[PDB]
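Here is the structure we will look at.
No Cβ is skipped: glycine too gets one built from the backbone with ideal geometry, and neighbour counts run over all protein chains shown. Quick note: the coordinates plus some simple rules give every number you see, no bench work behind them.
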Amino acid sequence: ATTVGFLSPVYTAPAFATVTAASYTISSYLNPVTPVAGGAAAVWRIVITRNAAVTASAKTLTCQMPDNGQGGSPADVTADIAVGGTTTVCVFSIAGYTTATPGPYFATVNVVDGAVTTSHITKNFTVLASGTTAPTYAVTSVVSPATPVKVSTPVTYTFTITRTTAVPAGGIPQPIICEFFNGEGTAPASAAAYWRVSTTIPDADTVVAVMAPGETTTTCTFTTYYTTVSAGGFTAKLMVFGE
Amino acid sequence: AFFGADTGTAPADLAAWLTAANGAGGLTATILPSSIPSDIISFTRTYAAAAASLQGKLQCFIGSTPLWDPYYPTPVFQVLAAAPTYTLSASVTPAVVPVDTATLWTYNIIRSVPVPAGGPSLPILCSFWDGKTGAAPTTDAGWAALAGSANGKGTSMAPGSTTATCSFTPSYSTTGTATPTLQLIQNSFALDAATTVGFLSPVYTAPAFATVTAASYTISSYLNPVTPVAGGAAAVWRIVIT
Amino acid sequence: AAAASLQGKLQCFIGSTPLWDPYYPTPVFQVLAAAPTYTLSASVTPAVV
Ligand SMILES: *[C@@H]1O[C@H](CO)[C@@H](O)[C@H](O)[C@H]1NC(C)=O
Ligand SMILES: [Ca+2]
């Protein structure tokens, strides 16, 4: 109460500060790289990363998908970005794929936060005709040190993943994630429960790989140690999640 | 004569342009002997519409000879519903300077509406008064009279970009506080001083000021005979002050 | 007063028991003729953020 200001005029700098806008980085992919005409439903996943972080709120972004690349417009998607987070995801579920238009096909996705519209032009993709099978995947395993091993002995697993049909050459990558369960832990549940929570994505249990536009084969490599003795067991299990 | 997007339609016949120019809508220009340019021609057109850009056409006859084959299309221009708003901001990198020293006074300008994308740039003359010198101009005529003679300067809005940057270097002479002011006036080639009208009815003054500090001196002594004798030579102390 | 730096004396007691033997001298202070002013300059290294 009793303190007295040293300077009567409140100071203002001889210059200013320019607080610019925050840009946006949009990247999108379709989970089935080669969807069938009515064989299943395709769910486009559209990730968006902000320029900077948030301050005591959860940013609401809106995703417009006016064009399918073949004629159609489903409802928009509302997404939220955490208080400290910078990235968020929109999901667009459509199943009515037709091979009427010759192809190759592409889409455009608009993202708005403060009424500023930022468009993203999707890469090309292809759709099979009705009645044909969806190209599945196959996985084989090779262990480097080979059985029998001991406790705390280095053990390397290599999972070779192939697709029955090559990824379309028009250009779209497939982000796959190998999640490997050692056979030592608490025996996790079915694959729906295999998606555990990881701190850093290139860790000893989760690995992220990318299937290139023109390829059909890849591999994911783990190198782990073992802790307890077991005669006749320790079956290494694996799953792939496309994200 | 001329027709810019104002009333009716263009005279789709060349002789129609001829009879329009020969009447009241025409105007005469004189080119004197041994001279390249013509005198300034001025038309006035009222707009009751709004919205996007427009493109007019001129036609010009010398002894019924038509310059330019169909017409001369004028540059892209746009009519607006509301007057565009100019905002300003100011900076000094040498915030405190001594007397007789250069100081960098920078301004950034933001326009409400963008410069027409298909049209030309927007040239504007900025007139800057440091605040320590004379009483400065008060009217727009005086503001536009501040030409490039170390006091005014012409900058340009890029077509489609709503930003401007301008700079001046006032070197104050007297100590204390000097607050500058700045005025923006469209710097076209037909920029008149009698009928100039500024964009900023309140002449923007930088909220801060410039501080001028007294000039210090350095002083160094030396004397000619480093071992003087008593009564034989007079000591000469040469003192130098910078 | 005016001119050079000055000093004061502060002496305390508890039931006639004296704190500090002669006194406790105060820190050096100077009395001014007029209120001094402060000249301030400001800067930003990332002028655009
Ligand atoms: C996607 O499809 C269009 C239509 O034929 C094609 O012209 C274009 O080159 C493709 N996109 C690529 C691979 O750049
Ligand atoms: Ca994990």
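Within region B:206-242, the set of residues being surrounded by 11 or more Cβ atoms within 10 Å (Cβ to Cβ), part of a strand (DSSP E or B) and of a type outside the set (S, T, N, Q) comprises B:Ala210, B:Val212, B:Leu223.
Tallying residues that are in contact with a strand residue (DSSP E or B) (Cβ under 8 Å, 6 or more places away or on another chain), farther than 15 Å from B:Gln186 by Cβ and surrounded by fewer than 16 Cβ atoms within 10 Å (Cβ to Cβ) within region B:118-144 yields 1.
Scan B:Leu67, B:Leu32 and give me the residue that is of a type outside the set (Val, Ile, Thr) and in a loop (DSSP other than H, G, I, E, B). Explain how you work it out, then say what you get.
Numbers: B:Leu67 fails: in a loop (DSSP other than H, G, I, E, B).
Residue meeting the stated conditions: B:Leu32.
If you check A:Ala134, A:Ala204, A:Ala166, A:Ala193 for being touching a strand residue (DSSP E or B) at 6+ places or on another chain (Cβ under 6 Å) and more than 20 Å from A:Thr227 (Cα to Cα), only one passes: A:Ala134.
Restricting region A:17-70 to residues that are touching a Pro at 6+ places or on another chain (Cβ under 7 Å) and among the β-branched types (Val, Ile, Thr) leaves a set whose member that is farthest from the other protein chains (Cβ to nearest Cβ) is A:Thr34. Just to be sure I understand, how many residues within region A:200-243 are over 22 Å from A:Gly183 (Cβ atoms) and of a type in the set (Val, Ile, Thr)? Counting residues in region A:200-243 that are over 22 Å from A:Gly183 (Cβ atoms) and of a type in the set (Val, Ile, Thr) gives 7.
Considering only region B:120-161, state which residues are of a type in the set (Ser, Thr, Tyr) and over 19 Å from B:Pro75 (Cβ atoms). Spell out how you get there, then give the answer.
Keep residues of region B:120-161 that are of a type in the set (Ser, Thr, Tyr), which gives B:121, B:127, B:133, B:138-139, B:149, B:155-156, B:161.
Once the filter is applied, which keeps residues that are of a type in the set (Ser, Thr, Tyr) and over 19 Å from B:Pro75 (Cβ atoms), region B:120-161 yields B:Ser127, B:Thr133, B:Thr138, B:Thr139, B:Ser149, B:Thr155.
Considered as a group, the residues in region B:84-95 that are in contact (Cβ under 8 Å) with a residue 24 or more places away in the chain and buried (at least 16 other Cβ atoms within 10 Å of the Cβ) include one that is farthest from the other protein chains (Cβ to nearest Cβ), and that residue is B:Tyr86. Residues that are away from ligand 2 (no atom under 16 Å from the Cβ), away from chain B (no Cβ under 14 Å), within 21 Å of A:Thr219 (Cβ to Cβ) and touching a residue at least 40 places away in the same chain (Cβ under 8 Å) are absent from region A:99-106 altogether.
Here B:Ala214 meets each of (1) farther than 30 Å from C:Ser41 by Cβ; (2) away from chain A (no Cβ under 14 Å); (3) in contact (Cβ under 8 Å) with a residue 24 or more places away in the chain with one exception, condition (1). Look at A:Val229 and say whether it is outside any loop (DSSP other than H, G, I, E, B), more than 16 Å from ligand 2 (Cβ to nearest atom) and either more than 14 Å from every other protein chain (Cβ to nearest Cβ) or among the small types (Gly, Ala, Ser) (or both). Here the answer is no, as A:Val229 does not meet what is asked.
The residue that is nearest to the other protein chains (Cβ to nearest Cβ), among those in region A:165-197 that are away from ligand 1 (no atom under 16 Å from the Cβ), surrounded by 14 or more Cβ atoms within 10 Å (Cβ to Cβ) and free of Cβ contacts under 8 Å to residues at least 60 places away in the same chain, is A:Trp195. Report whether or not A:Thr88 is more than 16 Å from ligand 2 (Cβ to nearest atom), among the β-branched types (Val, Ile, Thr), over 30 Å from A:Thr136 (Cβ atoms) and assigned to a loop (DSSP other than H, G, I, E, B). For A:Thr88, the condition - more than 16 Å from ligand 2 (Cβ to nearest atom), among the β-branched types (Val, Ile, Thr), over 30 Å from A:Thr136 (Cβ atoms) and assigned to a loop (DSSP other than H, G, I, E, B) - is not met.
Evaluation of A:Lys237 against the conditions (1) in contact (Cβ under 8 Å) with a residue 24 or more places away in the chain; (2) under 17 Å from A:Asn31 (Cα atoms); (3) not β-branched (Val, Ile, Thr) shows that the sole unmet condition is (2).
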